[PDB]
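Everything on this sheet refers to the single structure shown next.
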Protein chains: 2
Amino acid sequence: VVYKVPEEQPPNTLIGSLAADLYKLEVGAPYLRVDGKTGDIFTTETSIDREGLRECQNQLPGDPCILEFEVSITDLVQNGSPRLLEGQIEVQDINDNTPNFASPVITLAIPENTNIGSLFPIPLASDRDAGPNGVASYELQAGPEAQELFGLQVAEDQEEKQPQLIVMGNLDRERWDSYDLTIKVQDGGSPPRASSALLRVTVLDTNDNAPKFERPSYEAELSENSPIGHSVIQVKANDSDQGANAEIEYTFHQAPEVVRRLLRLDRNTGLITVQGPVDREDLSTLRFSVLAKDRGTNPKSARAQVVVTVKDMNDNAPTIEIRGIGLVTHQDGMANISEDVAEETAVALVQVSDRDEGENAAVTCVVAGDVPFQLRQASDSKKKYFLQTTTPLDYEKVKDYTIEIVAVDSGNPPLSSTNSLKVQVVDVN
Amino acid sequence: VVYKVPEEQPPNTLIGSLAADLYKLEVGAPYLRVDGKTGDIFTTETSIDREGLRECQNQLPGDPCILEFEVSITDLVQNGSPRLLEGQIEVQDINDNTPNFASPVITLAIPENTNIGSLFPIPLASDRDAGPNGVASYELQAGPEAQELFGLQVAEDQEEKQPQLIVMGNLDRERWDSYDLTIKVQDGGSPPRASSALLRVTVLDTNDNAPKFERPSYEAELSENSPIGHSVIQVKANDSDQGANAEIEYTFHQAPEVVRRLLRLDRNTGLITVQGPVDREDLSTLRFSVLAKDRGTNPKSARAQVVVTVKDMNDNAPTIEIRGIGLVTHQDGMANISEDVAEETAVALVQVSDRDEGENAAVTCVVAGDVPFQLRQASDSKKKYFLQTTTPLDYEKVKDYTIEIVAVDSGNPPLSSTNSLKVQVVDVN
Ligand SMILES: [Ca+2]
Ligand SMILES: [Ca+2]
Ligand SMILES: [Ca+2]
Ligand SMILES: [Ca+2]
Ligand SMILES: [Ca+2]
Ligand SMILES: [Ca+2]
Ligand SMILES: [Ca+2]
Ligand SMILES: [Ca+2]
Ligand SMILES: [Ca+2]
Ligand SMILES: [Ca+2]
Ligand SMILES: [Ca+2]
Ligand SMILES: [Ca+2]
Ligand SMILES: [Ca+2]
Ligand SMILES: [Ca+2]
Ligand SMILES: [Ca+2]
Ligand SMILES: [Ca+2]
Ligand SMILES: [Ca+2]
Ligand SMILES: [Ca+2]
Ligand SMILES: [Ca+2]
Ligand SMILES: [Ca+2]
Ligand SMILES: [Ca+2]
Ligand SMILES: [Ca+2]
């Protein structure tokens with residue numbers, strides 16, 4: 001028959017004697033002792049430990065822990081052969097075990113901007129005791145700031161208490177990214193046993209920030225004809241997110257072929273260098289946008305206008321255009337003017353121009369040898385001149401006039417150009 | 001002096017005559033014609049196109065487009081040498097160009113759950129005309145559903161109109177992930193010219209969904225001693241997100257060494273196979289959780305309890321334990337019982353047990369040769385027997401009793417065990 005006895009009781013505690021009937025202990029050997037003539041049965045210097053017994057290991061909750069034993073009634077005035085009695089001692093549980101977390105530091109990663117109400121599981125504490133003497137409650141201990149951000153809930157759904165962090169306010173990683181709470185587990189023994197763990201919440205990053213350029217808009221001056229590799233400007237943007245969410249790539253946004261041909265933009269450095277032949281005479285300003293884009297899964301981006309002013313070099317010689325006026329008309333660079341026409345009548349029209357700018361296009365223009373023609377301003381960097389006679393002409397020694405015009409810049413080095421006009425005359429009586 | 005003339009006017013339009021004073025056209029050659037004796041000046045079969053002229057290419061807004069020309073006054077009763085007049089014709093702009101998007105399909109990616117108010121840039125339309133005859137307005141045309149989700153704003157900040165989509169309601173990719181709007185660009189000419197583009201918004205995924213198991217909880221039966229590779233159960237979770245945000249990895253959540261040793265869980269298939277020697281006698285149930293975790297940047301997850309019931313095989317032979325009772329006591333497997341002791345006095349206590357379950361542990365037990373001992377039930381799968389004498393004993397032909405006990409299962413195949421006891425007697429007068 002049965003016997004209810006608390007575990008871990010001190011040696012020689014009476015567990016009972018026979019409500020039935022030499023009494024000898026055949027089975028139960030380390031844990032029990034019997035006395036003969038009485039049938040009374042006590043604990044020993046090996047204590048019955050409800051969590052220690054082999055028999056009571058993987059038991060489902062509510063199944064008693066039963067230690068089995070046999071004693072043999074072996075006297076009846078030395079008459080009978082023995083009768084044995086197969087007893088059962090049901091070991092009662094005392095609260096001799098503390099509830100424990102697997103690790104004393106517990107580490108939760110909660111994303112930024114997680115919706116209020118969101119639940120996150122906390123590792124279960126466990127307790128080797130049974131029923132009421134096992135896990136009873138979880139308690140969240142937090143600083144004022146954190147008290148308002150994190151709650152604690154327990155789900156009794158699994159029929160085993162699963163504790164959960166509730167997020168209750170907005171988390172922002174860029175404001176604050178680590179919270180220290182304590183989680184305390186207590187059992188339902190009297191007195192209770194209790195255990196604590198450090199519960200860190202780390203706020204995981206989300207890509208909730210776009211790059212921003214250091215300046216809204218960028219300018220730079222760049223010399224025409226700069227060598228390949230010449231540094232033009234460096235753009236830079238910043239991003240307040242973490243890792244790849246703040247890693248940035250620079251690419252041309254709106255940028256026509258003409259610009260892409262001349263300028264190279266490094267994805268990583270945002271440094272713009274020369275890559276082709278810059279020519280103020282083809283393009284005097286490079287206008288384009290740069291795109292700064294993060295390496296988030298759904299990248300965010302920003303755009304910046306850049307204006308590169310192209311600066312003049314004196315790389316163009318002046319042009320001398322020699323054409324007719326009124327009735328006097330050139331053919332294949334020669335002109336028919338008849339002997340005996342008024343002094344300072346105009347034989348040709350001379351236009352002078354320079355494709356460069358400022359000084360580099362400021363042109364002086366003048367006539368070569370000893371020939372009886374000069375230039376008169378007719379109308380800077382485009383000058384129009386009458387090419388007119390200095391003297392009267394007779395067919396004396398003439399039809400041999402090659403007039404040679406020379407023009408020069410104010411560049412450095414200065415550039416020169418020359419063009420000529422043949423005038424054939426006609427004799428008059 | 002100047003002259004204001006609209007572009008693309010029909011040949012022979014009068015652009016004026018001399019408020020000043022043979023008149024001859026020296027410069028301006030394809031586009032203008034003059035008549036002599038009058039000084040009156042008209043357009044030709046080559047039309048002045050304000051967007052076509054070389055002179056008027058990369059002009060900043062508000063700088064007139066000036067076509068330059070020269071005519072020479074070359075008669076004064078055939079007295080003077082010629083005077084030239086360097087004229088300027090300022091070409092007025094008409095609205096002869098339509099505003100255009102670079103592509104007629106424009107493609108915006110807006111993330112799911114983007115905060116209401118968020119702005120997203122729409123590519124600029126451009127228009128080769130000038131001032132009021134260029135881009136005036138942008139218009140967003142959308143279906144009822146979309147009208148409420150997307151607004152349109154223009155920023156006049158850059159001093160060039162930058163249009164922007166405003167998100168005005170929640171987008172959910174899992175509800176709907178493609179919207180067709182039309183964007184219409186109109187200029188400020190009378191009549192206006194206008195152009196449209198298809199503006200697709202595609203709603204980009206965010207990892208806003210956690211995996212869910214097909215079942216909350218899983219059971220399976222598994223035979224003890226199953227071969228390596230035997231399929232146990234397959235767990236499966238689903239995730240309503242896109243690509244990696246719904247790609248799932250299965251790993252043990254809470255799972256003790258003992259289980260991890262026996263069971264293998266494929267990260268990709270969620271199939272659990274046998275990997276070690278399952279032994280109902282060591283562990284009769286495998287209890288563990290499985291974690292399903294997505295491959296999002298900040299993974300979300302779900303847990304499922306699994307219970308594997310381990311099923312018995314008859315892989316254990318019965319045990320025969322032979323021990324003393326009362327005063328009769330065994331030493332080194334032999335026992336001292338004296339000749340002349342009552343018929344059916346008990347020489348030993350025989351306990352029989354089988355580590356298996358049900359039939360596989362149901363034990364029949366019996367005595368071997370012709371020896372004057374039998375077994376009596378003393379007290380299934382643990383049976384206790386008195387080993388008692390059948391006859392009286394005299395030292396006639398004795399001290400030579402080797403009693404052999406045999407026990408068998410009800411398994412398949414059945415298993416057998418044997419143990420023996422020597423009894424030495426003592427002669428009495
Ligand atoms: Ca204990
Ligand atoms: Ca406890
Ligand atoms: Ca206990
Ligand atoms: Ca943030
Ligand atoms: Ca921190
Ligand atoms: Ca970012
Ligand atoms: Ca962030
Ligand atoms: Ca040049
Ligand atoms: Ca020059
Ligand atoms: Ca130059
Ligand atoms: Ca002559
Ligand atoms: Ca036009
Ligand atoms: Ca227009
Ligand atoms: Ca126009
Ligand atoms: Ca969604
Ligand atoms: Ca779609
Ligand atoms: Ca997901
Ligand atoms: Ca989603
Ligand atoms: Ca086994
Ligand atoms: Ca068996
Ligand atoms: Ca078995
Ligand atoms: Ca005898």
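Residue numbering restarts at 1 for every chain of the structure tokens, chains are lettered A, B, ... in their displayed order, and ligands are numbered from 1 as they appear.
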
Task: Selection near stretch 273-285 of chain B, 9 Å with only C-alpha atoms, sequence-local residues under 3 positions removed, as a PyMOL selection string - done: (chain A and resi 58) or (chain B and resi 222-234+258+260-266+307-313+355-356)

Task: Interface list for chain B, partner chain A, 7 Å threshold, only C-alpha atoms, as a PyMOL selection string - done: chain B and resi 24+26+72+74+81+86+325-326+345-346+379

Put those residues in a file: N, CA, C and O atoms, as a PDB file, in the first residue's frame.
```
ATOM      1  N   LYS B  24      22.460  97.219-100.323  1.00  0.00           N
ATOM      2  CA  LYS B  24      22.823  95.825-100.602  1.00  0.00           C
ATOM      3  C   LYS B  24      23.063  95.036 -99.307  1.00  0.00           C
ATOM      4  O   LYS B  24      23.720  95.527 -98.378  1.00  0.00           O
ATOM      5  N   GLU B  26      24.979  92.538 -97.384  1.00  0.00           N
ATOM      6  CA  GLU B  26      26.318  91.985 -97.280  1.00  0.00           C
ATOM      7  C   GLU B  26      26.306  90.769 -96.347  1.00  0.00           C
ATOM      8  O   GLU B  26      27.002  89.786 -96.605  1.00  0.00           O
ATOM      9  N   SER B  72      24.952  97.586 -96.937  1.00  0.00           N
ATOM     10  CA  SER B  72      25.852  98.674 -97.338  1.00  0.00           C
ATOM     11  C   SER B  72      25.116  99.670 -98.245  1.00  0.00           C
ATOM     12  O   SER B  72      24.632  99.301 -99.323  1.00  0.00           O
ATOM     13  N   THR B  74      25.410 102.146-100.849  1.00  0.00           N
ATOM     14  CA  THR B  74      26.444 102.271-101.872  1.00  0.00           C
ATOM     15  C   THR B  74      25.950 103.136-103.047  1.00  0.00           C
ATOM     16  O   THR B  74      26.346 102.890-104.181  1.00  0.00           O
ATOM     17  N   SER B  81      32.119 107.050-100.993  1.00  0.00           N
ATOM     18  CA  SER B  81      32.463 105.650-100.716  1.00  0.00           C
ATOM     19  C   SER B  81      31.445 105.113 -99.718  1.00  0.00           C
ATOM     20  O   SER B  81      30.908 105.876 -98.917  1.00  0.00           O
ATOM     21  N   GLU B  86      25.260  98.003 -89.531  1.00  0.00           N
ATOM     22  CA  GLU B  86      25.321  96.740 -88.853  1.00  0.00           C
ATOM     23  C   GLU B  86      24.031  96.606 -88.035  1.00  0.00           C
ATOM     24  O   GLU B  86      23.880  97.226 -86.988  1.00  0.00           O
ATOM     25  N   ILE B 325      15.214 -13.917   0.620  1.00  0.00           N
ATOM     26  CA  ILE B 325      14.152 -13.350   1.499  1.00  0.00           C
ATOM     27  C   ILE B 325      14.424 -13.771   2.940  1.00  0.00           C
ATOM     28  O   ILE B 325      14.998 -14.821   3.188  1.00  0.00           O
ATOM     29  N   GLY B 326      13.931 -12.948   3.869  1.00  0.00           N
ATOM     30  CA  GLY B 326      14.038 -13.178   5.302  1.00  0.00           C
ATOM     31  C   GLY B 326      15.426 -13.648   5.693  1.00  0.00           C
ATOM     32  O   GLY B 326      16.413 -12.942   5.441  1.00  0.00           O
ATOM     33  N   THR B 345       8.379 -24.417   1.438  1.00  0.00           N
ATOM     34  CA  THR B 345       9.176 -23.282   1.970  1.00  0.00           C
ATOM     35  C   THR B 345       9.977 -22.654   0.820  1.00  0.00           C
ATOM     36  O   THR B 345      10.445 -23.349  -0.089  1.00  0.00           O
ATOM     37  N   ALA B 346      10.124 -21.326   0.884  1.00  0.00           N
ATOM     38  CA  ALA B 346      10.655 -20.519  -0.203  1.00  0.00           C
ATOM     39  C   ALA B 346      12.164 -20.315  -0.019  1.00  0.00           C
ATOM     40  O   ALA B 346      12.610 -19.809   0.999  1.00  0.00           O
ATOM     41  N   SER B 379       3.342 -11.200  -5.916  1.00  0.00           N
ATOM     42  CA  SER B 379       2.978  -9.784  -5.932  1.00  0.00           C
ATOM     43  C   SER B 379       1.630  -9.558  -5.238  1.00  0.00           C
ATOM     44  O   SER B 379       0.579  -9.584  -5.871  1.00  0.00           O
TER      45      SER B 379
END
```

Open item on the list: Between A:90, A:380, A:174, A:321, which residue has the minimum interatomic distance to residue A:69, considering only C-alpha atoms?
Closed with: A:90

Could you give me, as a CSV table (one decimal) with N, CA and C atoms, in the first residue's frame, the residues within 10 Å of residue B:89, counting only C-alpha atoms and dropping anything in the same chain fewer than 6 positions from it?
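Generated output (around-v7.csv):
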```
chain,number,residue,atom,x,y,z
B,1,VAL,N,20.8,99.3,-86.3
B,1,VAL,CA,19.8,99.4,-85.2
B,1,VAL,C,18.9,98.1,-85.2
B,2,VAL,N,18.1,97.9,-84.2
B,2,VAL,CA,17.4,96.6,-83.9
B,2,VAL,C,16.1,96.4,-84.8
B,3,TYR,N,15.6,95.2,-84.7
B,3,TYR,CA,14.3,94.8,-85.4
B,3,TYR,C,13.7,93.6,-84.8
B,4,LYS,N,12.5,93.7,-84.2
B,4,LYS,CA,11.7,92.6,-83.5
B,4,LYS,C,10.9,91.9,-84.6
B,5,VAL,N,11.2,90.6,-84.8
B,5,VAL,CA,10.5,89.8,-85.8
B,5,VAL,C,10.2,88.4,-85.3
B,6,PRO,N,8.9,88.0,-85.2
B,6,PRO,CA,8.5,86.6,-85.0
B,6,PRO,C,9.2,85.6,-85.9
B,15,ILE,N,10.0,93.0,-92.6
B,15,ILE,CA,10.5,93.1,-91.2
B,15,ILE,C,10.8,94.6,-91.0
B,28,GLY,N,23.9,88.1,-93.6
B,28,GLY,CA,22.6,87.6,-93.1
B,28,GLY,C,21.9,86.7,-94.1
B,64,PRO,N,17.8,87.7,-75.3
B,64,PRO,CA,17.2,87.6,-76.6
B,64,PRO,C,18.0,86.8,-77.6
B,65,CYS,N,17.4,86.2,-78.6
B,65,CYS,CA,18.0,85.6,-79.7
B,65,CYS,C,18.1,86.6,-80.8
B,66,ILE,N,19.4,86.9,-81.1
B,66,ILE,CA,19.7,88.0,-82.0
B,66,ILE,C,20.4,87.4,-83.2
B,67,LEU,N,19.8,87.6,-84.4
B,67,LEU,CA,20.4,87.3,-85.7
B,67,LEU,C,21.0,88.6,-86.2
B,68,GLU,N,22.3,88.5,-86.6
B,68,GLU,CA,23.1,89.7,-87.0
B,68,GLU,C,23.2,89.8,-88.5
B,69,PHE,N,23.2,91.0,-89.1
B,69,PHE,CA,23.2,91.2,-90.5
B,69,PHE,C,23.8,92.6,-90.8
```

TODO: List every residue of stretch 56-230 of chain B that DSSP, applied to the backbone of this structure, assigns to alpha helix (DSSP H), and report them as an MDAnalysis selection string.
DONE: chainID B and resid 144:147

Mind running chain A against ligand 11 at 6 Å and telling me each contacting residue's nearest atom pair with the distance in Å (one decimal), counting only C-alpha atoms and all ligand atoms, chain and number ascending, as CSV?
```
residue,atom,partner,partner_atom_place_in_ligand_line,distance
A:394,CA,ligand 11,1 (Ca),5.1
A:395,CA,ligand 11,1 (Ca),4.5
A:427,CA,ligand 11,1 (Ca),4.7
A:428,CA,ligand 11,1 (Ca),4.8
A:429,CA,ligand 11,1 (Ca),5.4
```

TODO: Using only C-alpha atoms and all ligand atoms, determine which residues fall within 12 Å of ligand 7, then list them as a ChimeraX atom specification.
DONE: /A:111-114,171-177,203-211,239-246,294,296,300

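Atom CA of residue B:18 to atom CA of residue B:46 spans 22.9 Å [interatomic distance, one decimal].
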
Between chain B and ligand 14, at 9 Å or less, what are the per-residue closest atom pairs and their distances in Å? Count only C-alpha atoms and all ligand atoms, order by chain and rising residue number, and return it as CSV.
```
residue,atom,partner,partner_atom_place_in_ligand_line,distance
B:7,CA,ligand 14,1 (Ca),7.2
B:8,CA,ligand 14,1 (Ca),8.4
B:49,CA,ligand 14,1 (Ca),7.3
B:50,CA,ligand 14,1 (Ca),5.7
B:51,CA,ligand 14,1 (Ca),6.1
B:92,CA,ligand 14,1 (Ca),8.1
B:93,CA,ligand 14,1 (Ca),4.6
B:94,CA,ligand 14,1 (Ca),4.5
B:95,CA,ligand 14,1 (Ca),5.0
B:96,CA,ligand 14,1 (Ca),4.9
B:97,CA,ligand 14,1 (Ca),6.0
B:128,CA,ligand 14,1 (Ca),6.7
B:129,CA,ligand 14,1 (Ca),4.4
B:130,CA,ligand 14,1 (Ca),6.7
B:133,CA,ligand 14,1 (Ca),7.5
B:134,CA,ligand 14,1 (Ca),8.9
```

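Residues in contact with residue B:187 at up to 6 Å, not including ones fewer than 2 positions away on its chain and judged by only C-alpha atoms, are residues 133, 134, 135, 136, 189, 192 and 193 of chain B.
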
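Note that the spacing between atom CA of residue B:295 and atom CA of residue B:269 amounts to 14.6 Å.
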
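Taking atom CA of residue A:366 and atom CA of residue A:315 as endpoints, the distance between them is 21.3 Å.
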